[PDB]
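S.K.: Take a look at final18.txt, compact mmCIF, C-alpha atoms and all ligand atoms:
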```txt
# COMPACT_ATOMS: atom_id res chain seq x y z
CA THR A 1 9.61 -14.76 1.21
CA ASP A 2 9.21 -11.57 -0.85
CA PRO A 3 12.35 -10.58 -2.88
CA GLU A 4 11.45 -6.87 -2.76
CA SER A 5 10.73 -6.75 0.97
CA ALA A 6 13.86 -5.69 2.87
CA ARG A 7 13.83 -9.19 4.42
CA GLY A 8 13.96 -10.71 0.96
CA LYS A 9 16.70 -8.40 -0.26
CA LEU A 10 18.72 -9.28 2.80
CA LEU A 11 18.20 -13.05 2.49
CA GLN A 12 18.81 -13.23 -1.25
CA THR A 13 21.87 -11.00 -1.06
CA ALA A 14 23.26 -12.83 2.02
CA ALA A 15 23.00 -16.07 0.06
CA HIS A 16 25.52 -14.74 -2.43
CA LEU A 17 27.91 -13.19 0.09
CA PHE A 18 27.91 -16.39 2.12
CA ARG A 19 28.51 -18.50 -0.99
CA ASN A 20 31.24 -16.22 -2.34
CA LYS A 21 33.15 -15.49 0.82
CA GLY A 22 32.02 -18.05 3.35
CA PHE A 23 29.72 -17.40 6.25
CA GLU A 24 32.54 -16.83 8.67
CA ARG A 25 34.29 -14.25 6.46
CA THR A 26 31.05 -12.42 5.72
CA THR A 27 30.79 -9.62 8.24
CA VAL A 28 27.71 -7.80 9.37
CA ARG A 29 29.39 -4.81 7.73
CA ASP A 30 29.66 -6.67 4.39
CA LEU A 31 25.94 -7.55 4.37
CA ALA A 32 24.87 -4.03 5.25
CA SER A 33 27.01 -2.46 2.53
CA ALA A 34 25.72 -4.97 -0.08
CA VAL A 35 22.05 -4.18 0.77
CA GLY A 36 22.70 -0.45 1.14
CA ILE A 37 22.01 -0.22 4.89
CA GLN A 38 23.81 0.26 8.19
CA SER A 39 25.21 -2.74 10.08
CA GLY A 40 22.85 -2.19 12.97
CA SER A 41 19.68 -2.30 10.89
CA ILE A 42 20.36 -5.87 9.80
CA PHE A 43 19.21 -6.96 13.20
CA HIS A 44 15.79 -5.54 12.87
CA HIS A 45 14.82 -8.53 10.65
CA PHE A 46 16.75 -11.46 12.06
CA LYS A 47 17.75 -11.99 15.67
CA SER A 48 21.29 -12.87 14.69
CA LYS A 49 23.70 -13.54 11.86
CA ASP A 50 23.16 -17.28 12.64
CA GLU A 51 19.49 -16.69 11.98
CA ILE A 52 20.22 -15.16 8.52
CA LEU A 53 22.10 -18.40 7.69
CA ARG A 54 19.18 -20.51 8.93
CA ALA A 55 16.78 -18.51 6.73
CA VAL A 56 18.99 -18.81 3.61
CA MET A 57 18.96 -22.56 4.11
CA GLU A 58 15.24 -22.70 4.89
CA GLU A 59 14.44 -20.69 1.76
CA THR A 60 16.40 -23.09 -0.42
CA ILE A 61 14.65 -26.11 0.93
CA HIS A 62 11.22 -24.46 0.76
CA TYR A 63 11.97 -23.63 -2.84
CA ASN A 64 13.24 -27.11 -3.75
CA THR A 65 10.21 -28.63 -2.12
CA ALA A 66 7.72 -26.27 -3.83
CA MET A 67 9.36 -27.15 -7.13
CA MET A 68 9.05 -30.83 -6.35
CA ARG A 69 5.36 -30.60 -5.53
CA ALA A 70 4.66 -28.56 -8.65
CA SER A 71 6.44 -31.16 -10.81
CA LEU A 72 4.47 -33.94 -9.07
CA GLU A 73 1.22 -32.15 -9.78
CA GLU A 74 2.01 -32.26 -13.52
CA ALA A 75 2.70 -36.01 -13.35
CA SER A 76 -0.25 -38.42 -13.59
CA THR A 77 1.50 -41.81 -13.66
CA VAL A 78 3.72 -43.65 -11.19
CA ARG A 79 6.67 -43.61 -13.55
CA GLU A 80 6.40 -39.87 -14.17
CA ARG A 81 5.99 -39.08 -10.45
CA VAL A 82 9.09 -41.10 -9.46
CA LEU A 83 10.99 -39.53 -12.37
CA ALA A 84 9.89 -36.06 -11.33
CA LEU A 85 11.40 -36.48 -7.87
CA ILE A 86 14.62 -38.02 -9.28
CA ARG A 87 15.01 -35.16 -11.74
CA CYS A 88 14.35 -32.50 -9.14
CA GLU A 89 16.83 -34.00 -6.73
CA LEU A 90 19.53 -34.36 -9.39
CA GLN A 91 18.96 -30.77 -10.56
CA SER A 92 19.47 -29.65 -6.98
CA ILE A 93 22.59 -31.87 -6.59
CA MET A 94 24.14 -30.38 -9.77
CA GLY A 95 23.95 -26.71 -8.82
CA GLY A 96 20.35 -26.01 -9.59
CA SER A 97 18.83 -24.31 -6.53
CA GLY A 98 21.98 -22.14 -6.83
CA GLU A 99 24.03 -20.22 -4.26
CA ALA A 100 21.74 -20.83 -1.32
CA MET A 101 21.98 -24.63 -1.81
CA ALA A 102 25.73 -24.45 -1.99
CA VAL A 103 25.52 -22.53 1.26
CA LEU A 104 23.45 -25.34 2.82
CA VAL A 105 26.06 -27.92 1.95
CA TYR A 106 29.23 -26.10 2.91
CA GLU A 107 28.09 -23.86 5.76
CA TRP A 108 26.10 -26.51 7.58
CA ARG A 109 28.60 -26.63 10.44
CA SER A 110 28.32 -22.83 10.92
CA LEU A 111 24.63 -23.08 11.87
CA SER A 112 23.43 -23.20 15.50
CA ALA A 113 21.72 -26.31 16.91
CA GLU A 114 18.45 -24.38 16.95
CA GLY A 115 18.91 -23.25 13.30
CA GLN A 116 19.81 -26.78 12.32
CA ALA A 117 16.66 -28.25 13.92
CA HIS A 118 14.54 -25.84 11.88
CA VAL A 119 16.32 -26.75 8.64
CA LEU A 120 16.01 -30.45 9.49
CA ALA A 121 12.27 -30.07 10.01
CA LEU A 122 12.01 -28.87 6.38
CA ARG A 123 14.16 -31.80 5.22
CA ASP A 124 11.65 -34.08 7.00
CA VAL A 125 8.79 -32.71 4.86
CA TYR A 126 10.92 -33.14 1.72
CA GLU A 127 11.53 -36.74 2.63
CA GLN A 128 7.87 -37.38 3.28
CA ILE A 129 7.12 -36.40 -0.35
CA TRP A 130 9.63 -39.06 -1.48
CA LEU A 131 8.10 -41.60 0.84
CA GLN A 132 4.56 -40.81 -0.44
CA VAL A 133 5.59 -41.24 -4.08
CA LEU A 134 7.72 -44.33 -3.51
CA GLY A 135 4.88 -45.75 -1.35
CA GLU A 136 2.55 -45.24 -4.33
CA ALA A 137 5.08 -47.04 -6.56
CA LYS A 138 5.35 -49.93 -4.12
CA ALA A 139 1.52 -50.20 -3.94
CA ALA A 140 1.24 -50.30 -7.80
CA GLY A 141 3.92 -53.05 -7.98
CA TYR A 142 6.89 -51.02 -9.32
CA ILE A 143 9.29 -51.40 -6.37
CA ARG A 144 10.60 -54.76 -5.18
CA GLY A 145 12.15 -53.78 -1.85
CA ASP A 146 11.42 -51.83 1.34
CA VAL A 147 10.28 -48.27 0.62
CA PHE A 148 12.39 -46.58 3.27
CA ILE A 149 15.52 -48.55 2.38
CA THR A 150 14.88 -47.93 -1.35
CA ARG A 151 14.92 -44.21 -0.53
CA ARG A 152 18.18 -44.50 1.50
CA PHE A 153 19.91 -46.28 -1.47
CA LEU A 154 18.54 -43.76 -3.98
CA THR A 155 19.72 -40.88 -1.77
CA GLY A 156 23.27 -42.26 -1.94
CA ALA A 157 23.12 -43.15 -5.63
CA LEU A 158 21.97 -39.66 -6.65
CA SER A 159 24.29 -37.77 -4.28
CA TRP A 160 27.32 -39.67 -5.56
CA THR A 161 26.71 -38.41 -9.11
CA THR A 162 28.67 -35.22 -8.16
CA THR A 163 31.85 -37.35 -8.16
CA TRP A 164 31.52 -38.55 -11.74
CA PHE A 165 28.79 -36.89 -13.88
CA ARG A 166 31.06 -34.13 -15.25
CA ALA A 167 33.78 -36.67 -16.25
CA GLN A 168 31.24 -38.47 -18.50
CA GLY A 169 31.06 -35.63 -21.00
CA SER A 170 28.03 -36.51 -23.15
CA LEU A 171 25.43 -37.76 -20.61
CA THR A 172 22.70 -35.21 -19.94
CA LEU A 173 20.91 -34.82 -16.61
CA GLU A 174 17.68 -36.01 -18.12
CA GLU A 175 19.40 -39.18 -19.37
CA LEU A 176 20.95 -39.64 -15.92
CA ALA A 177 17.48 -39.31 -14.30
CA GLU A 178 16.08 -41.86 -16.78
CA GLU A 179 18.86 -44.31 -15.91
CA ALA A 180 18.04 -43.81 -12.21
CA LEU A 181 14.41 -44.59 -12.93
CA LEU A 182 15.45 -47.82 -14.73
CA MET A 183 17.31 -48.88 -11.68
CA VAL A 184 14.68 -48.13 -9.09
CA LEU A 185 11.46 -49.22 -10.87
CA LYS A 186 10.70 -52.78 -12.04
CA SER A 187 9.06 -51.27 -15.09
CA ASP A 188 8.55 -47.74 -16.47
CA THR B 1 52.53 -60.78 1.19
CA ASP B 2 53.85 -63.12 3.91
CA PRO B 3 52.90 -62.07 7.50
CA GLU B 4 56.01 -63.71 8.98
CA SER B 5 58.48 -62.21 6.50
CA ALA B 6 59.94 -58.99 7.89
CA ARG B 7 58.15 -57.19 5.03
CA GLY B 8 54.85 -58.62 6.22
CA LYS B 9 55.48 -57.79 9.86
CA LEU B 10 56.30 -54.26 8.84
CA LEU B 11 53.26 -53.81 6.59
CA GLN B 12 50.77 -55.39 8.98
CA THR B 13 52.13 -53.49 11.97
CA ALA B 14 52.33 -50.17 10.03
CA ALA B 15 48.66 -50.61 9.17
CA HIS B 16 47.79 -50.39 12.84
CA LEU B 17 50.14 -47.53 13.72
CA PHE B 18 48.86 -45.52 10.77
CA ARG B 19 45.23 -46.23 11.71
CA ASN B 20 45.77 -45.47 15.40
CA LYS B 21 47.93 -42.40 15.17
CA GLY B 22 47.64 -41.17 11.62
CA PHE B 23 50.26 -41.52 8.95
CA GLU B 24 51.71 -38.11 9.59
CA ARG B 25 52.12 -38.67 13.35
CA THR B 26 53.62 -42.12 12.84
CA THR B 27 57.37 -41.67 12.84
CA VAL B 28 59.97 -43.94 11.36
CA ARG B 29 61.05 -44.36 14.98
CA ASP B 30 57.54 -45.51 16.00
CA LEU B 31 57.44 -48.19 13.27
CA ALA B 32 60.89 -49.49 14.10
CA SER B 33 60.15 -49.77 17.82
CA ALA B 34 56.82 -51.56 17.12
CA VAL B 35 58.54 -54.17 14.87
CA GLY B 36 61.58 -54.47 17.14
CA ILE B 37 64.12 -52.96 14.72
CA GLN B 38 66.20 -49.84 14.21
CA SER B 39 64.76 -46.87 12.29
CA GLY B 40 67.31 -47.23 9.54
CA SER B 41 66.48 -50.86 8.75
CA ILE B 42 62.92 -49.97 7.77
CA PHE B 43 64.30 -48.66 4.54
CA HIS B 44 65.77 -51.91 3.46
CA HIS B 45 62.26 -53.10 2.46
CA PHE B 46 60.49 -50.01 1.18
CA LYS B 47 62.10 -47.05 -0.56
CA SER B 48 60.25 -44.59 1.63
CA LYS B 49 57.62 -44.12 4.31
CA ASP B 50 55.26 -43.09 1.44
CA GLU B 51 55.92 -46.49 -0.06
CA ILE B 52 54.92 -48.27 3.20
CA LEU B 53 51.57 -46.39 2.98
CA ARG B 54 51.15 -47.41 -0.66
CA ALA B 55 51.77 -51.07 0.26
CA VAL B 56 49.30 -51.01 3.19
CA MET B 57 46.67 -49.73 0.79
CA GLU B 58 47.63 -52.16 -1.96
CA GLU B 59 47.45 -55.10 0.46
CA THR B 60 43.94 -54.13 1.53
CA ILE B 61 42.68 -53.92 -1.99
CA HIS B 62 44.42 -57.15 -3.03
CA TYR B 63 42.78 -58.81 -0.07
CA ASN B 64 39.31 -57.38 -0.74
CA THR B 65 39.59 -58.43 -4.35
CA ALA B 66 40.81 -61.97 -3.55
CA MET B 67 37.86 -62.31 -1.18
CA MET B 68 35.51 -61.11 -3.88
CA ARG B 69 36.77 -63.60 -6.43
CA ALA B 70 36.60 -66.46 -3.94
CA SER B 71 32.99 -65.57 -3.10
CA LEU B 72 32.17 -65.38 -6.83
CA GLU B 73 33.67 -68.80 -7.39
CA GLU B 74 31.20 -70.26 -4.85
CA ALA B 75 28.26 -68.60 -6.64
CA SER B 76 26.71 -70.39 -9.63
CA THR B 77 23.73 -68.14 -10.44
CA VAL B 78 23.43 -64.52 -11.54
CA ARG B 79 21.56 -63.55 -8.39
CA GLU B 80 24.16 -65.12 -6.11
CA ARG B 81 27.08 -63.57 -8.02
CA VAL B 82 25.60 -60.05 -7.85
CA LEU B 83 24.76 -60.62 -4.17
CA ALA B 84 28.28 -61.83 -3.48
CA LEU B 85 29.79 -58.59 -4.77
CA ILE B 86 27.22 -56.45 -2.89
CA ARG B 87 27.91 -58.31 0.34
CA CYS B 88 31.67 -58.08 -0.04
CA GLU B 89 31.54 -54.38 -0.76
CA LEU B 90 29.23 -53.67 2.18
CA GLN B 91 31.43 -55.74 4.51
CA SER B 92 34.37 -53.63 3.42
CA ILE B 93 32.36 -50.38 3.83
CA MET B 94 31.37 -51.35 7.40
CA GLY B 95 34.84 -51.96 8.81
CA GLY B 96 35.51 -55.40 7.47
CA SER B 97 38.92 -55.33 5.78
CA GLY B 98 39.93 -53.63 9.06
CA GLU B 99 42.65 -51.10 9.91
CA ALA B 100 44.31 -51.07 6.52
CA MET B 101 41.00 -50.13 4.82
CA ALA B 102 40.44 -47.35 7.27
CA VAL B 103 43.93 -46.21 6.38
CA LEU B 104 43.00 -46.19 2.66
CA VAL B 105 40.03 -43.94 3.28
CA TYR B 106 41.53 -41.41 5.67
CA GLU B 107 45.18 -41.32 4.62
CA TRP B 108 44.52 -41.13 0.91
CA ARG B 109 45.75 -37.54 0.71
CA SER B 110 49.06 -38.52 2.41
CA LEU B 111 50.03 -40.80 -0.50
CA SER B 112 52.31 -39.67 -3.34
CA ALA B 113 51.00 -39.37 -6.92
CA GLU B 114 53.06 -42.44 -7.83
CA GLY B 115 51.68 -44.43 -4.85
CA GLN B 116 48.18 -43.31 -5.73
CA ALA B 117 48.50 -44.48 -9.36
CA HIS B 118 49.50 -47.93 -8.13
CA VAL B 119 46.55 -48.12 -5.72
CA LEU B 120 44.22 -46.88 -8.47
CA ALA B 121 45.43 -49.62 -10.80
CA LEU B 122 44.23 -52.18 -8.22
CA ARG B 123 40.89 -50.36 -7.92
CA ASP B 124 40.58 -50.70 -11.72
CA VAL B 125 40.83 -54.51 -11.46
CA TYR B 126 38.26 -54.49 -8.63
CA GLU B 127 35.90 -52.53 -10.80
CA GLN B 128 36.37 -54.86 -13.73
CA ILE B 129 35.07 -57.75 -11.57
CA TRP B 130 31.91 -55.70 -10.92
CA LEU B 131 31.57 -54.91 -14.58
CA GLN B 132 31.98 -58.60 -15.54
CA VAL B 133 29.29 -59.73 -13.10
CA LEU B 134 26.87 -56.90 -13.87
CA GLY B 135 27.53 -57.52 -17.60
CA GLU B 136 26.50 -61.16 -17.03
CA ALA B 137 23.35 -59.95 -15.25
CA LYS B 138 22.51 -57.58 -18.10
CA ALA B 139 23.03 -60.40 -20.65
CA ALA B 140 20.67 -62.76 -18.68
CA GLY B 141 17.98 -60.01 -18.51
CA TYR B 142 18.28 -59.00 -14.82
CA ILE B 143 19.37 -55.36 -15.26
CA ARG B 144 17.25 -52.76 -17.04
CA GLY B 145 19.77 -49.94 -17.44
CA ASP B 146 23.33 -49.25 -18.60
CA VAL B 147 25.86 -51.51 -16.89
CA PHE B 148 28.44 -48.83 -16.17
CA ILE B 149 25.86 -46.35 -14.88
CA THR B 150 24.21 -49.11 -12.80
CA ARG B 151 27.60 -49.63 -11.16
CA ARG B 152 28.07 -45.86 -10.51
CA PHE B 153 24.61 -45.70 -8.79
CA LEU B 154 25.29 -48.86 -6.77
CA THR B 155 28.69 -47.47 -5.69
CA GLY B 156 26.93 -44.42 -4.24
CA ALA B 157 24.03 -46.37 -2.73
CA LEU B 158 26.33 -48.79 -0.88
CA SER B 159 28.87 -46.16 0.23
CA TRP B 160 26.12 -43.98 1.71
CA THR B 161 25.08 -46.80 4.07
CA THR B 162 27.82 -45.59 6.50
CA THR B 163 25.65 -42.53 7.21
CA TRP B 164 22.60 -44.48 8.38
CA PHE B 165 23.06 -48.26 8.88
CA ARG B 166 24.02 -48.00 12.58
CA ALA B 167 20.99 -45.75 13.36
CA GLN B 168 18.64 -48.51 12.10
CA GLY B 169 19.38 -50.83 15.00
CA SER B 170 17.89 -54.16 13.90
CA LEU B 171 18.86 -54.43 10.19
CA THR B 172 21.70 -56.88 9.59
CA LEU B 173 24.30 -56.52 6.85
CA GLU B 174 22.98 -59.57 5.10
CA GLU B 175 19.47 -58.07 5.06
CA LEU B 176 20.94 -54.79 3.78
CA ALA B 177 22.73 -56.68 0.96
CA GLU B 178 19.47 -58.48 0.09
CA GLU B 179 17.63 -55.16 -0.11
CA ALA B 180 20.38 -53.86 -2.42
CA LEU B 181 19.92 -56.88 -4.64
CA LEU B 182 16.14 -56.21 -4.81
CA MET B 183 16.85 -52.76 -6.01
CA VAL B 184 19.42 -53.57 -8.64
CA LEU B 185 18.01 -56.79 -10.18
CA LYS B 186 14.65 -57.07 -11.97
CA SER B 187 14.26 -60.48 -10.38
CA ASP B 188 16.27 -62.60 -7.92
MG MG A 201 20.57 -14.07 -6.56
MG MG A 202 46.63 -56.77 12.58
```
Will you turn the file into structure tokens for me?
Ligand SMILES: [Mg+2]
Ligand SMILES: [Mg+2]

M.R.:
Amino acid sequence: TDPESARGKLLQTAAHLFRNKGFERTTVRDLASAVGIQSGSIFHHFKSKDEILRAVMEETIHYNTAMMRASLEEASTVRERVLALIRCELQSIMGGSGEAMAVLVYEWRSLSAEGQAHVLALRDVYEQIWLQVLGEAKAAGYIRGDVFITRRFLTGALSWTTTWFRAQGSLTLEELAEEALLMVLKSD
Amino acid sequence: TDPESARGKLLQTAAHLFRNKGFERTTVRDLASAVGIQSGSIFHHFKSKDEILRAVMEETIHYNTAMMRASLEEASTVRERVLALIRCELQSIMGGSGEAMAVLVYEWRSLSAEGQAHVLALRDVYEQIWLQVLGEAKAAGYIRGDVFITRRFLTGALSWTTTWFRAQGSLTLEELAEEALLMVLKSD
């Protein structure tokens, strides 16, 4: 969405308030004061506060995915396409994608069933990009195992990096992504 | 420890009470009634209730590790030794190792710093078995990447299986372990 539209100002500013204070502690008053409007005008753009949270999360995933596809477009070989997705995912895991991603992770349980189903639809599209690229890898002979299960293991291996990557000290994210590629591909 | 010794009866029975009710809700009275003793006699064997929790967790790890080493002893090839550790870890992740493992995972924050350092010492030994076996694999030419980082990714990939393995329906744990082996080894 458009950052200068009042919708965009509201979404982008809500992302910070939610990240800083929590969704539950962020009042409708808080958001209106931050955007320089009155409480009651918030609800000209979203049907509910729950819907603002849904849109913050949708925006983050739309952005991560757009970034992924753009990186893929610049990659012409199997090894570079797999590496592009690994790097994008790691960058998202390590606080790239910013406040609105941190909101997705910690405020997940604040979102309505209906909001959640919308955000999960976007996650489905994100996963299909992974499955396309890993399916290409499998077809070219770079992946030994089942494509869907390979993605499930890689999901866990990359996510877990939050528990240890900072403790390492001298390993960069690019080196981490390269090591992930060495694990998942038979050759690169 | 010895299951028929009063120490063993206490530890093995505490493992259930802690798993069923939580450590915090398990009173000294509860444990004494379950073992058929008086509250005050519990503390002839352990210095504290915190120490009973430490010993439940230590026993589980000692047992998992003993099982690991035994499986390794029956494996004569690199592929079977790596698979043995993957299978043992998965079996532990999926509710093998039983009540005392579930206690380790959920009651971790109830354990004292001193108890924790003891349990972490056992985890160190467990990890060194993984590093030995993966180091053998690397030496024989089966692993492309860094041994320590390969173990960190595999830790995350196996742990994450709790979030999805039941939803699959028809995949067995042995098949899951085989798929993990296909990912981590260049050949098997
Ligand atoms: Mg901003
Ligand atoms: Mg028992």

S.K.: Using only C-alpha atoms, pick whichever of A:184, A:78, A:17, A:6 has the shortest atom-to-atom distance to chain B.

M.R.: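 Closest residue, counting only C-alpha atoms: A:184.
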
S.K.: Using only C-alpha atoms and a cut-off of 9 Å, which residues of chain B sit close to chain A? Please list them as an NGL selection string.

M.R.: :B and (143-146 or 149-150 or 152-161 or 164 or 176 or 178-187)

S.K.: I'd like the contact shell of residue A:13 - 9 Å cut-off, only C-alpha atoms, skipping same-chain residues fewer than 6 positions apart - returned as a ChimeraX atom specification.

M.R.: /A:31,34-35

S.K.: With C-alpha atoms retained, export the selected residues as an mmCIF file, in the coordinates of the input.

M.R.:
```cif
data_model
loop_
_atom_site.group_PDB
_atom_site.id
_atom_site.type_symbol
_atom_site.label_atom_id
_atom_site.label_comp_id
_atom_site.auth_asym_id
_atom_site.auth_seq_id
_atom_site.Cartn_x
_atom_site.Cartn_y
_atom_site.Cartn_z
ATOM 1 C CA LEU A 31 25.940 -7.550 4.370
ATOM 2 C CA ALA A 34 25.720 -4.970 -0.080
ATOM 3 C CA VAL A 35 22.050 -4.180 0.770
#
```

S.K.: In Å, how far is it from atom CA of residue B:100 to atom CA of residue B:56?

M.R.: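 Taking atom CA of residue B:100 and atom CA of residue B:56, their separation equals 6.0 Å.
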
S.K.: Edge lengths and centre, in Å to one decimal, as AutoDock Vina command-line options: that's what I need for the box along x, y and z that holds all listed atoms of stretch 35-53 of chain A plus 6 Å on each side.

M.R.:
```
--center_x 20.0 --center_y -9.1 --center_z 8.2 --size_x 22.4 --size_y 30.7 --size_z 26.9
```

S.K.: For atom CA of residue A:113 and atom CA of residue A:28, determine how far apart the two atoms are, in Å to one decimal place.

M.R.: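 Between atom CA of residue A:113 and atom CA of residue A:28 the gap works out to 20.9 Å.
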
S.K.: Could you tell me, counting all atoms listed in the file, which protein and nucleic acid residues lie no more than 8 Å from ligand MG 202 (chain A), written as a PyMOL selection string?

M.R.: chain B and resi 12-13+15-16+99

S.K.: Quick check, in Å to one decimal: how far apart do atom CA of residue B:174 and atom CA of residue A:133 lie?

M.R.: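 Between atom CA of residue B:174 and atom CA of residue A:133 the gap works out to 26.9 Å.
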
S.K.: Determine the nearest neighbour of residue B:122 from the options B:32, B:57, B:134, B:11, counting only C-alpha atoms.

M.R.: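 Checking each candidate against residue B:122, we get B:57 as the closest.
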
S.K.: Can you list, as a ChimeraX atom specification, every protein, DNA or RNA residue that comes within 12 Å of residue A:173 when you count all atoms listed in the file, leaving out same-chain residues fewer than 6 positions away?

M.R.: /A:83,86-96,158,161-162,165-166,179-180

S.K.: Do you know which residues are at most 7 Å from residue A:102 counting only C-alpha atoms, after dropping those on the same chain fewer than 4 positions away, and could you put them as a tab-separated table (two decimals) with C-alpha atoms, in the frame of the given file?

M.R.:
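Contents of out.tsv, as written:
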```
chain	number	residue	atom	x	y	z
A	19	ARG	CA	28.51	-18.50	-0.99
A	98	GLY	CA	21.98	-22.14	-6.83
A	106	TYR	CA	29.23	-26.10	2.91
```

S.K.: For residue B:77, find every residue with an atom within 12 Å (counting all atoms listed in the file), except residues of its own chain fewer than 2 positions away, and show them as a list in words.

M.R.: residues 72, 73, 74, 75, 79, 80, 81, 82, 83, 84, 133, 136, 137, 140, 142 and 188 of chain B

S.K.: Is there a way to complete stretch 110-124 of chain B with N, CA, C and O atoms and then write that out as a compact mmCIF listing (two decimals), in the frame of the given file?

M.R.:
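So out14.txt came out as:
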```txt
# COMPACT_ATOMS: atom_id res chain seq x y z
N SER B 110 47.62 -38.40 2.05
CA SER B 110 49.06 -38.52 2.41
C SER B 110 49.93 -39.26 1.38
O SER B 110 51.16 -39.21 1.44
N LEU B 111 49.31 -39.95 0.43
CA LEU B 111 50.03 -40.80 -0.50
C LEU B 111 50.46 -40.01 -1.71
O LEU B 111 49.72 -39.14 -2.19
N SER B 112 51.68 -40.31 -2.16
CA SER B 112 52.31 -39.67 -3.34
C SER B 112 51.46 -39.93 -4.59
O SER B 112 50.74 -40.91 -4.65
N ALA B 113 51.55 -39.06 -5.59
CA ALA B 113 51.00 -39.37 -6.92
C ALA B 113 51.39 -40.77 -7.41
O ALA B 113 50.53 -41.54 -7.87
N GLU B 114 52.68 -41.12 -7.39
CA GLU B 114 53.06 -42.44 -7.83
C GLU B 114 52.40 -43.55 -6.98
O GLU B 114 51.97 -44.56 -7.56
N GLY B 115 52.35 -43.39 -5.66
CA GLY B 115 51.68 -44.43 -4.85
C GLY B 115 50.20 -44.50 -5.23
O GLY B 115 49.60 -45.61 -5.40
N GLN B 116 49.60 -43.34 -5.41
CA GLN B 116 48.18 -43.31 -5.73
C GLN B 116 47.89 -44.04 -7.05
O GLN B 116 46.85 -44.71 -7.19
N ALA B 117 48.78 -43.90 -8.02
CA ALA B 117 48.50 -44.48 -9.36
C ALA B 117 48.54 -45.99 -9.24
O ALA B 117 47.75 -46.69 -9.88
N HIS B 118 49.46 -46.50 -8.41
CA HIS B 118 49.50 -47.93 -8.13
C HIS B 118 48.23 -48.41 -7.43
O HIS B 118 47.67 -49.44 -7.82
N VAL B 119 47.75 -47.66 -6.44
CA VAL B 119 46.55 -48.12 -5.72
C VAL B 119 45.36 -48.03 -6.68
O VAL B 119 44.49 -48.90 -6.68
N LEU B 120 45.32 -47.00 -7.51
CA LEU B 120 44.22 -46.88 -8.47
C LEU B 120 44.20 -47.96 -9.55
O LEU B 120 43.13 -48.36 -10.01
N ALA B 121 45.36 -48.43 -9.97
CA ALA B 121 45.43 -49.62 -10.80
C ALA B 121 44.75 -50.84 -10.20
O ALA B 121 44.09 -51.59 -10.93
N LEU B 122 44.92 -51.07 -8.89
CA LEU B 122 44.23 -52.18 -8.22
C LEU B 122 42.73 -51.93 -8.18
O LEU B 122 41.93 -52.88 -8.29
N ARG B 123 42.34 -50.68 -7.93
CA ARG B 123 40.89 -50.36 -7.92
C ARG B 123 40.30 -50.66 -9.30
O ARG B 123 39.17 -51.10 -9.39
N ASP B 124 41.07 -50.43 -10.36
CA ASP B 124 40.58 -50.70 -11.72
C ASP B 124 40.21 -52.16 -11.85
O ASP B 124 39.13 -52.47 -12.41
```
